[PDB]
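A.B. asks: Just dropping this structure here.
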Amino acid sequence: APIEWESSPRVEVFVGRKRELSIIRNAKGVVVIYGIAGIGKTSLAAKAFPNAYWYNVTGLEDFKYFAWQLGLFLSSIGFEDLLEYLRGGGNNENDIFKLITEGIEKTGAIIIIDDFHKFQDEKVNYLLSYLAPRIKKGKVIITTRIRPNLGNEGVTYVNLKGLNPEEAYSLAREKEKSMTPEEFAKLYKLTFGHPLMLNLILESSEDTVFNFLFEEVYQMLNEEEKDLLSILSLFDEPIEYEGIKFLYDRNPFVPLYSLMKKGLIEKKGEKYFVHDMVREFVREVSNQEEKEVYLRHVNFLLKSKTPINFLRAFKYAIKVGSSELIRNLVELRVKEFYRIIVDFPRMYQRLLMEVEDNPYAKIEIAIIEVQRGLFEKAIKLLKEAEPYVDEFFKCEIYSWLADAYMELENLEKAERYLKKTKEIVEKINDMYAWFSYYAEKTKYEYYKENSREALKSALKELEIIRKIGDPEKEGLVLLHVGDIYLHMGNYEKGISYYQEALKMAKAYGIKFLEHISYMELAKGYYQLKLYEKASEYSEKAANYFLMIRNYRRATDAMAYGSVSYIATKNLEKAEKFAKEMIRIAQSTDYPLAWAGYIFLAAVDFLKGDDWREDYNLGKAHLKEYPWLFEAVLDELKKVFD
Ligand SMILES: Nc1ncnc2c1ncn2[C@@H]1O[C@H](COP(=O)(O)OP(=O)(O)O)[C@@H](O)[C@H]1O
């Protein structure tokens, strides 16, 4: 079913070591199952708890993507739906560590992690922030090839020693009882308890050395079995069946289940991929047709059209060695990957840096370093990859170059670089190029005191967005135009623009943009001194950013909220807001947050309390002595009351 857990079914035959199961089931904190390939760890993890959330890790793994997929799980349970996932769409921090800890502290679901990946310290650093508190309800189990060095505090290290001879003799009899029990004593002379390698011999026939043991079994395979293995071994990720069937231009069913009977291929529900021990031995039997096979798989994932399948197609488009494939792909990266390049930067970074020499890769790498603040490296790469790009990419280079010079207080050089794009979007009449053209043009004028030309450049910008059909970017402009008109002194255009954007946010179920417009709706009514409505919409926006832990805007919400509230409403609610502004002030030291401390004094003076309780003015004014911005916020409090 769509949008569900990847709970892989266990093996048909299994004679678990019951002591190690009671170890895992009654363990505290995190259970570490480390062994060799095919030793039985993954199958043992399934034997522990069936309905546990499974996450099979692959090569490409950004910590934010895993927590995103882990956040999708916590959102499906319903306890971290409002907190975890909605903050994933917000931003990122190490506060994610305490969110997921609080996640299975509330949900209590048991989670299992299979294998090990790159950037292991980032994942190890999260793992060590959860094993120690010992959550009374949740549990996390991992299966690794090595001991992750997580310490022995709240960790149960489980080293799998294969299978007992008595259980192994039972294993062959639980598959073929009529087979002579003497022969099983000789099988232990070959596998030494290895459960997977035992299934290989039980499903085959015919002394060989350990390496030849698998290699002389590799010759027992059929024609289509060797071809299917020698192709599926080139993929480090599980694949669907139609993805496999289109991968061969030939029906792959009969070798699939046959190798499945022998344990060479494992299925995690719907997908299939070879075992890690099978992959390490047959990836060298045929490495000539990698380009053709990878090319077909790129086109299949291109038909999937999902951000994760987007990245999977990017990894194998590097192994084909075609700069033309990377050309057309980065075009589709601006179509749909554009929205989540800020979501998965480190993942996308590792795939792009794999081809640093590619000019188109130098483009998106500069975009990452644009968001990371290193504008020098961005412009540098934007000059190196300048000639090779086409006329379509030539526009996007100068648009980001204009955005690059925008954050350097360089409007003149940003104007002449966006002047280079005045003729490209009109001559090629591309929709996507026309979008980024007027997008950076609005930002160019917004940086200037002028707020007039930005009003018309954003209008024709919306004309392009109404054609593609992406709701997120269409709501972002409607909210932003509902801000330039407010700075112009106009009120009717502002209130109607982010109210229709709220009509958009409510329609598509976007809770992030929904509470962003709530902050714009409350601020607009504050400028008109409509105390009632301005204070209400600020209450729901403040509840959001306090829950999403975006205390910067959460402070801005309760600031105008506490002001407009006491104007015509009760003093206690704004006192609650002011006291919470103190709690988040004493944690983040935000300037406008200490402005709520004196708003508490405003409540105290209006609540019949003395100047000792009105001394809170002096309590935060010495805190607000360095910041000269405090001399500005006083114009709001004395005017309304
Ligand atoms: N108790 C068992 N009984 C029978 N086969 C087993 C048992 N434990 C493991 N196996 C075999 O080993 C395989 C699982 O190996 P495993 O070490 O878990 O792989 P990985 O962790 O690399 O995915 C199973 O598919 C099966 O063939």
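Residue names in the structure tokens use chain letters A, B, ... in the order shown, residue numbers from 1 in each chain, and ligand numbers from 1 in the order shown.
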Distance table requested - chain A against ligand 1, cut-off 6 Å, only C-alpha atoms and all ligand atoms: one row per qualifying residue with the closest atom pair and its distance in Å to one decimal, ordered by chain and rising residue number, as CSV.
C.D. replies:
residue,atom,partner,partner_atom_place_in_ligand_line,distance
A:11,CA,ligand 1,25 (O),5.5
A:13,CA,ligand 1,4 (C),4.9
A:14,CA,ligand 1,3 (N),3.2
A:15,CA,ligand 1,1 (N),4.1
A:16,CA,ligand 1,1 (N),4.5
A:37,CA,ligand 1,22 (O),4.8
A:38,CA,ligand 1,17 (O),3.1
A:39,CA,ligand 1,17 (O),3.7
A:40,CA,ligand 1,9 (C),3.3
A:41,CA,ligand 1,18 (O),3.8
A:42,CA,ligand 1,18 (O),3.3
A:43,CA,ligand 1,18 (O),4.4
A:195,CA,ligand 1,10 (N),4.3
A:196,CA,ligand 1,11 (C),3.6
A:199,CA,ligand 1,27 (O),5.6
A:263,CA,ligand 1,27 (O),4.7
A:276,CA,ligand 1,22 (O),5.4
A.B. asks: Write out, as an mmCIF file, in the first residue's frame, the residues just selected, with C-alpha atoms.
C.D. replies:
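part-v2.cif was written with the following content:
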data_model
loop_
_atom_site.group_PDB
_atom_site.id
_atom_site.type_symbol
_atom_site.label_atom_id
_atom_site.label_comp_id
_atom_site.auth_asym_id
_atom_site.auth_seq_id
_atom_site.Cartn_x
_atom_site.Cartn_y
_atom_site.Cartn_z
ATOM 1 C CA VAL A 11 12.724 -15.875 6.074
ATOM 2 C CA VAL A 13 12.811 -21.199 7.654
ATOM 3 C CA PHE A 14 14.303 -19.900 10.897
ATOM 4 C CA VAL A 15 15.505 -21.605 14.070
ATOM 5 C CA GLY A 16 16.408 -18.633 16.217
ATOM 6 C CA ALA A 37 27.335 -10.962 5.777
ATOM 7 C CA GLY A 38 24.505 -13.481 5.827
ATOM 8 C CA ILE A 39 25.199 -14.386 9.452
ATOM 9 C CA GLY A 40 21.489 -13.950 10.206
ATOM 10 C CA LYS A 41 21.310 -10.465 11.732
ATOM 11 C CA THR A 42 18.622 -8.936 9.499
ATOM 12 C CA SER A 43 16.496 -12.080 9.778
ATOM 13 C CA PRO A 195 22.660 -19.973 8.103
ATOM 14 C CA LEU A 196 22.611 -18.328 4.667
ATOM 15 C CA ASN A 199 20.456 -22.601 2.510
ATOM 16 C CA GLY A 263 18.545 -17.128 -0.377
ATOM 17 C CA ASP A 276 25.437 -8.182 0.331
#
A.B. asks: Taking 6 positions as the minimum chain separation for residues in the same chain, which residues sit within 12 Å of residue 211 of chain A when counting only C-alpha atoms? Answer as number ranges by chain.
C.D. replies: A: 190-191, 197, 217-218, 277-278, 280-281
A.B. asks: Let's have the selection written as a PDB file, in the first residue's frame, with N, CA, C and O atoms.
C.D. replies:
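Dumped everything to result.pdb:
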ATOM      1  N   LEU A 190      31.524 -27.444   6.519  1.00  0.00           N
ATOM      2  CA  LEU A 190      31.614 -26.471   5.437  1.00  0.00           C
ATOM      3  C   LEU A 190      31.113 -25.091   5.833  1.00  0.00           C
ATOM      4  O   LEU A 190      31.838 -24.105   5.678  1.00  0.00           O
ATOM      5  N   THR A 191      29.882 -24.992   6.335  1.00  0.00           N
ATOM      6  CA  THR A 191      29.293 -23.701   6.675  1.00  0.00           C
ATOM      7  C   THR A 191      29.619 -23.248   8.094  1.00  0.00           C
ATOM      8  O   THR A 191      29.612 -22.040   8.363  1.00  0.00           O
ATOM      9  N   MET A 197      24.650 -19.496   3.989  1.00  0.00           N
ATOM     10  CA  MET A 197      25.422 -20.442   3.191  1.00  0.00           C
ATOM     11  C   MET A 197      24.884 -21.863   3.309  1.00  0.00           C
ATOM     12  O   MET A 197      25.089 -22.674   2.398  1.00  0.00           O
ATOM     13  N   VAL A 217      29.377 -23.053  -6.259  1.00  0.00           N
ATOM     14  CA  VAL A 217      27.921 -22.967  -6.265  1.00  0.00           C
ATOM     15  C   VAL A 217      27.460 -21.997  -7.347  1.00  0.00           C
ATOM     16  O   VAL A 217      26.387 -22.180  -7.935  1.00  0.00           O
ATOM     17  N   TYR A 218      28.274 -20.982  -7.652  1.00  0.00           N
ATOM     18  CA  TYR A 218      27.930 -20.030  -8.704  1.00  0.00           C
ATOM     19  C   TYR A 218      27.806 -20.711 -10.063  1.00  0.00           C
ATOM     20  O   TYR A 218      27.082 -20.220 -10.935  1.00  0.00           O
ATOM     21  N   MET A 277      26.443 -10.411   0.496  1.00  0.00           N
ATOM     22  CA  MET A 277      27.472 -11.401   0.196  1.00  0.00           C
ATOM     23  C   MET A 277      27.426 -11.827  -1.267  1.00  0.00           C
ATOM     24  O   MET A 277      28.471 -12.115  -1.862  1.00  0.00           O
ATOM     25  N   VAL A 278      26.232 -11.883  -1.859  1.00  0.00           N
ATOM     26  CA  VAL A 278      26.129 -12.193  -3.280  1.00  0.00           C
ATOM     27  C   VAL A 278      26.700 -11.053  -4.116  1.00  0.00           C
ATOM     28  O   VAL A 278      27.335 -11.281  -5.152  1.00  0.00           O
ATOM     29  N   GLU A 280      29.163  -8.976  -3.488  1.00  0.00           N
ATOM     30  CA  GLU A 280      30.613  -8.853  -3.435  1.00  0.00           C
ATOM     31  C   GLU A 280      31.348  -9.881  -4.288  1.00  0.00           C
ATOM     32  O   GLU A 280      32.569  -9.769  -4.441  1.00  0.00           O
ATOM     33  N   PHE A 281      30.650 -10.872  -4.850  1.00  0.00           N
ATOM     34  CA  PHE A 281      31.309 -11.926  -5.610  1.00  0.00           C
ATOM     35  C   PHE A 281      30.960 -11.954  -7.090  1.00  0.00           C
ATOM     36  O   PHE A 281      31.749 -12.485  -7.877  1.00  0.00           O
TER      37      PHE A 281
END
A.B. asks: If you count only C-alpha atoms, which residues fall within 12 Å of residue 189 of chain A, apart from same-chain ones fewer than 5 positions away, as a ChimeraX atom specification?
C.D. replies: /A:165,168,183-184,194,198,207-210,213
A.B. asks: Write the residues you've just listed into a file as a compact mmCIF listing (two decimals), in the first residue's frame, and include C-alpha atoms for each of them.
C.D. replies:
# COMPACT_ATOMS: atom_id res chain seq x y z
CA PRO A 165 24.90 -27.72 15.43
CA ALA A 168 21.54 -26.59 12.18
CA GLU A 183 25.12 -35.99 6.21
CA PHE A 184 24.19 -32.94 8.29
CA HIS A 194 26.43 -20.07 8.67
CA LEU A 198 23.56 -23.49 4.53
CA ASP A 207 34.69 -30.56 -0.67
CA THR A 208 35.64 -27.02 -1.69
CA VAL A 209 37.29 -24.07 0.00
CA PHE A 210 35.13 -21.27 1.42
CA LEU A 213 32.40 -23.02 -2.08
A.B. asks: Assign secondary structure with DSSP using the backbone only, and return the residues of segment 217-366 of chain A in helix (DSSP H, G or I) as a ChimeraX atom specification.
C.D. replies: /A:217-218,223-232,241-248,253-261,276-282,290-304,307-319,323-335,337-340,345-353,359-366
A.B. asks: Suppose we keep C-alpha atoms; can you now write the selection as a short mmCIF file (atom, residue, chain, number, x, y, z; two decimals), in the first residue's frame?
C.D. replies:
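Produced file part_30.cif, reproduced below:
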data_model
loop_
_atom_site.label_atom_id
_atom_site.label_comp_id
_atom_site.auth_asym_id
_atom_site.auth_seq_id
_atom_site.Cartn_x
_atom_site.Cartn_y
_atom_site.Cartn_z
CA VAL A 217 27.92 -22.97 -6.26
CA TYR A 218 27.93 -20.03 -8.70
CA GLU A 223 21.67 -19.17 -17.35
CA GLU A 224 19.12 -16.54 -16.34
CA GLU A 225 20.23 -16.81 -12.69
CA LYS A 226 23.81 -15.77 -13.50
CA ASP A 227 22.63 -12.98 -15.81
CA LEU A 228 20.12 -11.68 -13.27
CA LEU A 229 22.73 -11.78 -10.50
CA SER A 230 25.44 -10.21 -12.68
CA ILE A 231 23.05 -7.28 -13.30
CA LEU A 232 21.29 -6.85 -9.95
CA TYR A 241 9.64 -5.96 -10.32
CA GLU A 242 8.58 -3.80 -13.27
CA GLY A 243 11.80 -1.88 -12.70
CA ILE A 244 13.62 -5.20 -13.02
CA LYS A 245 11.52 -6.41 -15.97
CA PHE A 246 12.23 -3.21 -17.92
CA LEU A 247 15.88 -3.50 -16.83
CA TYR A 248 16.36 -6.69 -18.89
CA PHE A 253 10.25 -14.05 -12.88
CA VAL A 254 11.60 -17.61 -13.04
CA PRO A 255 15.16 -16.68 -11.92
CA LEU A 256 13.82 -14.29 -9.27
CA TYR A 257 12.02 -16.81 -7.06
CA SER A 258 14.58 -19.52 -7.83
CA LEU A 259 17.44 -17.43 -6.45
CA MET A 260 14.98 -16.44 -3.71
CA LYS A 261 14.57 -20.11 -2.77
CA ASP A 276 25.44 -8.18 0.33
CA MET A 277 27.47 -11.40 0.20
CA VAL A 278 26.13 -12.19 -3.28
CA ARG A 279 26.94 -8.65 -4.44
CA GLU A 280 30.61 -8.85 -3.44
CA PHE A 281 31.31 -11.93 -5.61
CA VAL A 282 29.38 -11.46 -8.89
CA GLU A 290 27.03 -1.24 -16.95
CA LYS A 291 26.33 1.82 -19.11
CA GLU A 292 23.39 0.23 -20.95
CA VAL A 293 21.83 -1.28 -17.81
CA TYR A 294 22.21 1.91 -15.77
CA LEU A 295 20.75 3.92 -18.67
CA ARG A 296 17.51 1.91 -18.68
CA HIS A 297 17.18 2.19 -14.89
CA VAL A 298 17.64 5.97 -15.15
CA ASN A 299 14.70 6.18 -17.56
CA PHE A 300 12.53 3.96 -15.33
CA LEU A 301 13.09 6.09 -12.23
CA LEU A 302 12.52 9.11 -14.49
CA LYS A 303 9.00 7.71 -14.98
CA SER A 304 8.50 7.36 -11.21
CA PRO A 307 12.18 13.06 -5.12
CA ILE A 308 13.78 9.89 -3.73
CA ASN A 309 13.58 8.13 -7.10
CA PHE A 310 14.91 11.42 -8.48
CA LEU A 311 18.12 10.96 -6.49
CA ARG A 312 18.41 7.22 -7.19
CA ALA A 313 18.40 8.03 -10.92
CA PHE A 314 21.10 10.64 -10.26
CA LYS A 315 23.50 8.16 -8.65
CA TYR A 316 23.44 5.77 -11.63
CA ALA A 317 23.55 8.62 -14.16
CA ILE A 318 27.09 9.20 -12.87
CA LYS A 319 28.14 5.59 -13.51
CA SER A 323 27.67 14.48 -19.54
CA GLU A 324 24.64 14.72 -21.84
CA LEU A 325 22.56 12.68 -19.40
CA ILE A 326 23.64 14.97 -16.55
CA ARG A 327 22.67 17.91 -18.78
CA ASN A 328 19.04 16.90 -19.27
CA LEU A 329 18.78 15.65 -15.67
CA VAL A 330 19.73 18.96 -14.05
CA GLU A 331 16.96 20.52 -16.16
CA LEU A 332 14.48 18.19 -14.45
CA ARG A 333 16.21 19.08 -11.17
CA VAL A 334 14.97 22.65 -11.61
CA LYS A 335 11.49 21.29 -12.43
CA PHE A 337 14.02 18.81 -7.40
CA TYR A 338 14.07 22.62 -7.11
CA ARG A 339 11.69 22.46 -4.14
CA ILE A 340 13.77 20.06 -2.02
CA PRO A 345 21.55 19.54 0.62
CA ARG A 346 24.17 17.09 1.92
CA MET A 347 22.70 14.15 -0.02
CA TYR A 348 22.55 16.14 -3.26
CA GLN A 349 25.99 17.57 -2.45
CA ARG A 350 27.67 14.16 -2.41
CA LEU A 351 26.10 13.20 -5.73
CA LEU A 352 27.12 16.49 -7.38
CA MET A 353 30.64 16.58 -5.93
CA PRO A 359 29.95 22.36 -15.50
CA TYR A 360 26.26 21.74 -14.79
CA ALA A 361 27.23 20.16 -11.46
CA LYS A 362 29.30 23.26 -10.66
CA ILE A 363 26.04 25.20 -11.02
CA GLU A 364 23.98 23.35 -8.40
CA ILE A 365 27.01 23.13 -6.10
CA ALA A 366 27.17 26.94 -6.19
#
A.B. asks: Using only C-alpha atoms, determine which residues lie at most 12 Å from residue 414 of chain A, disregarding the query and same-chain residues fewer than 6 positions distant; provide the list as a list in words.
C.D. replies: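 The residues satisfying every condition are residues 379, 397, 398, 399, 400, 401, 402, 403, 404, 405, 406, 407, 408, 420, 421, 440, 441, 443, 444, 445, 447 and 448 of chain A.
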A.B. asks: For the residues selected in the previous step, produce a file with C-alpha atoms as a CSV table (one decimal), in the first residue's frame.
C.D. replies:
chain,number,residue,atom,x,y,z
A,379,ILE,CA,30.5,33.2,-8.0
A,397,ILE,CA,23.7,31.4,-14.1
A,398,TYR,CA,23.2,35.2,-14.4
A,399,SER,CA,20.1,35.0,-12.3
A,400,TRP,CA,21.9,33.4,-9.4
A,401,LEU,CA,24.9,35.7,-10.2
A,402,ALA,CA,22.5,38.6,-9.7
A,403,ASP,CA,21.3,36.9,-6.5
A,404,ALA,CA,24.9,36.4,-5.6
A,405,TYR,CA,25.7,40.1,-6.0
A,406,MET,CA,22.4,40.8,-4.3
A,407,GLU,CA,23.7,39.6,-0.9
A,408,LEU,CA,26.9,41.6,-1.4
A,420,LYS,CA,22.0,39.8,-19.7
A,421,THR,CA,18.9,37.7,-19.1
A,440,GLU,CA,15.4,37.5,-9.0
A,441,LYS,CA,14.1,40.7,-10.5
A,443,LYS,CA,14.4,40.5,-5.1
A,444,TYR,CA,16.6,43.0,-6.9
A,445,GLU,CA,14.0,45.8,-6.5
A,447,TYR,CA,16.6,45.2,-1.8
A,448,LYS,CA,16.3,48.8,-3.2
A.B. asks: Got a sec to tell me which of segment 16-221 of chain A DSSP assigns to strand (DSSP E or B), as a list in words?
C.D. replies: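 These are the residues in question: residues 30, 31, 32, 33, 34, 53, 54, 55, 56, 110, 111, 112, 113, 114, 139, 140, 141, 142, 143, 144, 155, 156, 157, 158 and 159 of chain A.
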A.B. asks: Need the shell around residue 435 of chain A: protein/DNA/RNA residues with any atom at most 9 Å away, counting only C-alpha atoms. Skip same-chain ones fewer than 6 positions apart. Format as a ChimeraX atom specification?
C.D. replies: /A:425,460-465
A.B. asks: Would you list the contacts of residue 592 of chain A as JSON, numbers by chain, taking every protein, DNA or RNA residue within 10 Å and counting only C-alpha atoms, but skipping same-chain residues closer than 5 positions in sequence?
C.D. replies: {"A": [552, 553, 555, 556, 558, 559, 581, 585, 597, 624, 627, 629, 630, 633]}
A.B. asks: With N, CA and C atoms retained, could you export that selection as a CSV table (one decimal), in the first residue's frame?
C.D. replies:
chain,number,residue,atom,x,y,z
A,552,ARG,N,12.3,32.5,16.5
A,552,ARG,CA,12.5,33.9,16.0
A,552,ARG,C,11.1,34.5,15.6
A,553,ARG,N,10.3,33.8,14.8
A,553,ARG,CA,9.0,34.2,14.4
A,553,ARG,C,8.0,34.0,15.5
A,555,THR,N,8.6,34.6,18.6
A,555,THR,CA,8.8,35.9,19.3
A,555,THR,C,8.0,37.0,18.6
A,556,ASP,N,8.2,37.1,17.3
A,556,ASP,CA,7.5,38.2,16.6
A,556,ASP,C,6.0,38.0,16.6
A,558,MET,N,4.1,36.6,19.3
A,558,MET,CA,3.6,37.0,20.6
A,558,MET,C,4.0,38.4,20.9
A,559,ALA,N,4.8,39.1,20.1
A,559,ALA,CA,5.1,40.5,20.4
A,559,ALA,C,4.0,41.4,20.0
A,581,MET,N,7.6,34.6,26.3
A,581,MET,CA,8.6,35.4,25.7
A,581,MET,C,9.9,35.4,26.6
A,585,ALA,N,13.4,33.8,25.8
A,585,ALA,CA,14.4,34.8,25.8
A,585,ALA,C,15.6,34.2,26.6
A,597,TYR,N,9.6,41.0,28.1
A,597,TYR,CA,9.8,41.2,29.5
A,597,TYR,C,9.2,42.5,30.0
A,624,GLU,N,18.4,45.4,26.9
A,624,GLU,CA,18.2,46.0,25.6
A,624,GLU,C,19.0,47.3,25.4
A,627,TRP,N,21.5,46.8,22.0
A,627,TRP,CA,20.7,46.9,20.8
A,627,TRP,C,19.9,48.2,20.7
A,629,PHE,N,17.9,48.8,18.4
A,629,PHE,CA,16.5,48.5,17.9
A,629,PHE,C,15.5,48.7,19.0
A,630,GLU,N,15.8,48.6,20.3
A,630,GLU,CA,14.9,48.8,21.4
A,630,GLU,C,14.3,50.2,21.4
A,633,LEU,N,11.1,50.0,19.2
A,633,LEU,CA,9.9,49.3,19.7
A,633,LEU,C,9.0,50.0,20.7
A.B. asks: Show which residues sit within 12 Å of residue 44 of chain A, as a ChimeraX atom specification. Count only C-alpha atoms, and ignore same-chain residues fewer than 3 positions away.
C.D. replies: /A:8-11,13-25,31-35,38-41,47-50,112,114,141-143,158-160,162-163,195
A.B. asks: Can you spit out the residues from that selection as an mmCIF file, in the first residue's frame, using C-alpha atoms?
C.D. replies:
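So the final result, stored in result_34.cif, reads:
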data_model
loop_
_atom_site.group_PDB
_atom_site.id
_atom_site.type_symbol
_atom_site.label_atom_id
_atom_site.label_comp_id
_atom_site.auth_asym_id
_atom_site.auth_seq_id
_atom_site.Cartn_x
_atom_site.Cartn_y
_atom_site.Cartn_z
ATOM 1 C CA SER A 8 10.385 -6.825 5.434
ATOM 2 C CA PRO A 9 8.931 -10.314 5.982
ATOM 3 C CA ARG A 10 11.216 -12.793 7.689
ATOM 4 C CA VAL A 11 12.724 -15.875 6.074
ATOM 5 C CA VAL A 13 12.811 -21.199 7.654
ATOM 6 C CA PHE A 14 14.303 -19.900 10.897
ATOM 7 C CA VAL A 15 15.505 -21.605 14.070
ATOM 8 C CA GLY A 16 16.408 -18.633 16.217
ATOM 9 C CA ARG A 17 18.776 -18.706 19.168
ATOM 10 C CA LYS A 18 16.204 -18.155 21.899
ATOM 11 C CA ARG A 19 18.689 -16.668 24.368
ATOM 12 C CA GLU A 20 19.648 -13.941 21.894
ATOM 13 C CA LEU A 21 15.964 -13.191 21.268
ATOM 14 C CA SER A 22 15.253 -12.713 24.979
ATOM 15 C CA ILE A 23 18.393 -10.559 24.960
ATOM 16 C CA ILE A 24 17.002 -8.349 22.198
ATOM 17 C CA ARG A 25 13.377 -8.321 23.370
ATOM 18 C CA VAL A 31 20.437 -3.343 20.721
ATOM 19 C CA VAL A 32 23.499 -3.725 18.487
ATOM 20 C CA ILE A 33 23.513 -6.860 16.310
ATOM 21 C CA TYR A 34 26.899 -7.132 14.600
ATOM 22 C CA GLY A 35 28.062 -10.049 12.499
ATOM 23 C CA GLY A 38 24.505 -13.481 5.827
ATOM 24 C CA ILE A 39 25.199 -14.386 9.452
ATOM 25 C CA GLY A 40 21.489 -13.950 10.206
ATOM 26 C CA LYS A 41 21.310 -10.465 11.732
ATOM 27 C CA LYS A 47 12.230 -12.305 14.536
ATOM 28 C CA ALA A 48 12.340 -9.863 17.471
ATOM 29 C CA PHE A 49 9.436 -7.506 16.684
ATOM 30 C CA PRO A 50 7.442 -7.834 13.428
ATOM 31 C CA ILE A 112 15.080 -1.431 13.476
ATOM 32 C CA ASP A 114 19.583 -2.385 8.771
ATOM 33 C CA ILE A 141 17.851 -2.087 17.060
ATOM 34 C CA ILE A 142 20.626 -1.975 14.471
ATOM 35 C CA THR A 143 22.338 -4.606 12.332
ATOM 36 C CA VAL A 158 24.956 -8.929 20.468
ATOM 37 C CA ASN A 159 27.624 -10.798 18.485
ATOM 38 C CA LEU A 160 25.924 -13.425 16.320
ATOM 39 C CA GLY A 162 25.825 -18.360 13.466
ATOM 40 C CA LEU A 163 23.818 -21.436 14.419
ATOM 41 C CA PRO A 195 22.660 -19.973 8.103
#
A.B. asks: Between A:521, A:155, A:620, A:381, single out the one closest to residue 589 of chain A, counting only C-alpha atoms.
C.D. replies: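 Between A:521, A:155, A:620, A:381, the residue approaching residue 589 of chain A most closely is A:620.
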A.B. asks: Quick one: distance from atom CA of residue 99 of chain A to atom CA of residue 150 of chain A in Å, one decimal?
C.D. replies: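 Going from atom CA of residue 99 of chain A over to atom CA of residue 150 of chain A, I get 20.2 Å.
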A.B. asks: Using Å and a single decimal, report how far atom CA of residue 109 of chain A sits from atom CA of residue 65 of chain A.
C.D. replies: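 Result for atom CA of residue 65 of chain A versus atom CA of residue 109 of chain A: 19.9 Å, one decimal.
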A.B. asks: So which one's closest to residue 477 of chain A, A:451, A:149, A:442, A:251? Using only C-alpha atoms, please.
C.D. replies: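 Closest residue, counting only C-alpha atoms: A:442.
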A.B. asks: Work out how far atom CA of residue 28 of chain A is from atom CA of residue 56 of chain A, in Å to one decimal.
C.D. replies: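 Atom CA of residue 28 of chain A lies 22.5 Å from atom CA of residue 56 of chain A.
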A.B. asks: Which of these, A:491, A:512, A:497, A:640, has the shortest distance to residue 564 of chain A once you count only C-alpha atoms?
C.D. replies: A:640
